[PDB]
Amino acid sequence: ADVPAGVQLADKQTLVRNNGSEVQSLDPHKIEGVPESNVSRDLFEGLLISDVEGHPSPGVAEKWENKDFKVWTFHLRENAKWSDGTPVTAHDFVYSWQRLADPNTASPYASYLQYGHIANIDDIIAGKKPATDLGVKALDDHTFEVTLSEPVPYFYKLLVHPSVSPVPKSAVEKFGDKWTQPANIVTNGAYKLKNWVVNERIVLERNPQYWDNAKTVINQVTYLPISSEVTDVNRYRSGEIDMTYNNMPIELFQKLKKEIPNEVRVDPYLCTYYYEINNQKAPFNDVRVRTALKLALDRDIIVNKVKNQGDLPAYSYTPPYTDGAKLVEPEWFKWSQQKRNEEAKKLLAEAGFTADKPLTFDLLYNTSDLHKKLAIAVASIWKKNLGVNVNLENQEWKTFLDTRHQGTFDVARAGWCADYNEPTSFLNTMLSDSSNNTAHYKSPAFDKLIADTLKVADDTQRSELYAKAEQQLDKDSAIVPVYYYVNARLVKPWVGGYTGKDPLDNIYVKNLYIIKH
């Protein structure tokens, strides 16, 4: 943290953050969500990290070079250490990226190495080559070299994500799935794990071995698993919580802006809220059905009447304000809702649905006040505008994500936030073979457009191809875009260091501090 001249620090430097749900895991290779990543940034540090405004900055690597954007060489700081006092080396990164690539680890982020195009990853994912063939090597203990199969100019931006953080081989091997328990875990970020009570709290304490430990201010941070946004705001206003999770309750938000305006932080956020359709399951494998659901949803009602929290109606998957996005707004989005409804009802009638045999399906959402109220409104809207019946189903976060990967669903509430600020951070998740493709969408035309983006050496042609890929996704109605999120949360006046300037919201508790109050 960089404490401004003159601020008086509180005597007790502790923080309580709500984290939206119980994490899937603390293992960097077994996670894919925001709550998981929130805890991961405090515990495990990769090659680079985001600074307080979101810029990619030195992490374990203090400096790096690239040759033709294909061979990237990272110089690791000599004093980077694990919480047991042992050095973090380039060998730790070799082992870790191999474990991420290995099919036996079954990481949801195995395709992150395809997104960066590390040499040989496709054959490794498909089991044709061993993970030791991955294009990474330790040139010495403090030098990690990555070789890609084609130039990737934004490659370093991917490196702040948890999936490419190091994991301690000795603990993983000796303890297996229990390596992340407090007694066994070894970490290299600013904090160490003190307590992990499932569905109660995660407590982190400062890691004295962290290389930048002298600049860490907060001594202990607790992460809570509260999925009710109303309850989170209640425990923030009672004094227990210092920073809520950034999902806000419909019940109280309007009230909050007028009662405590200075605590309500609302900033840009590169995330998209959408209904994910399972594209491989009839009748959702019919584009007419998917288009009808997309058009009949009334975004103005949801975004402006039901939610009204500053979100913008969405017509794409990649947010239009992503760095490099130059998207073409489709004609259906400019139409009136009445015209969208007619087209939708027409496509459904063409699809074979009638009043006698209506379209009836499930709408899965993870437990949440926000998601439940929005799914009840969407169910109503679809019933009124299109005559479809939906059965709402809630599941806790970890189970919800597993359900989506299994494909044991019809339509699911969904949200993707960028991992690096560039359109492929969204677009690569819709590639046929992506480990993050929970839409189960497979389009050779879409895959080809994205493959062609690194076959050109021009950001204008790249942007044009990203626009065309969005148009292909839209023409196939792979998803139902609803709105582009804003990052809205409550932060007590005494929490210093949270700028809100990073549109990826990659907060590190090592950057915050408590002002005397």
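All residue numbers are counted from 1 along the displayed sequence. Between two forms, the rigid core is the largest collection of C-alphas that superpose within 1.5 Å.
Novice: Taking the root mean square of C-alpha distances over all structures and residues in 9 other deposited structures of this protein, with a rigid core superposition, name the larger of 432 to 440 and 191 to 199.
Specialist: Between 432 to 440 and 191 to 199, greater C-alpha deviation in 9 other deposited structures of this protein belongs to 432 to 440.
Novice: In 9 other deposited structures of this protein, superposed on the rigid core, which stretch sits farther off in Cα RMS terms, 106 to 114 or 281 to 289?
Specialist: The more displaced stretch in 9 other deposited structures of this protein turns out to be 281 to 289.
Novice: Which has the higher mean CA temperature factor in the PDB entry, 375 to 383 or 299 to 307?
Specialist: Going by the record's values, the stretch with the higher mean is 299 to 307.
Novice: Going by the B-factors listed in the PDB entry, is the mean over the C-alpha atoms higher for 106 to 114 or for 289 to 297?
Specialist: Comparing 106 to 114 with 289 to 297, the higher average CA B-factor belongs to 289 to 297.
Novice: If you check the C-alpha B-factor for each of 181, 360, 399, 437 in the entry, which is highest?
Specialist: Most elevated C-alpha B-factor of the set, per the entry: 360.
Novice: When the CA B-factors of 344, 100, 241, 190 are compared as recorded in the entry, which is the largest?
Specialist: That would be 344, according to the entry.
Novice: Taking the values exactly as deposited, rank residue 508 by C-alpha B-factor within its chain and report the matching third: lowest, middle or highest.
Specialist: Its C-alpha B-factor, which the entry lists for residue 508, ranks in the lowest third among residues of this chain.
Novice: Splitting the chain's C-alpha B-factors into thirds, which one does residue 274 fall into?
Specialist: Residue 274: CA B-factor falls in the lowest third of its chain.
Novice: Where does residue 455 sit by CA temperature factor within its chain: lowest, middle or highest third?
Specialist: As the PDB entry reports it, the C-alpha B-factor of residue 455 lands in the highest third of its chain.
Novice: Within this chain's modelled residues, let me know which third the CA B factor of residue 446 belongs to: lowest, middle or highest.
Specialist: For residue 446, whose C-alpha B-factor we compare with every modelled residue in the chain, the answer is the middle third.
Novice: Looking at the C-alpha B-factor of residue 53, is it in the lowest, middle or highest third of its chain?
Specialist: It falls in the middle third of the chain.
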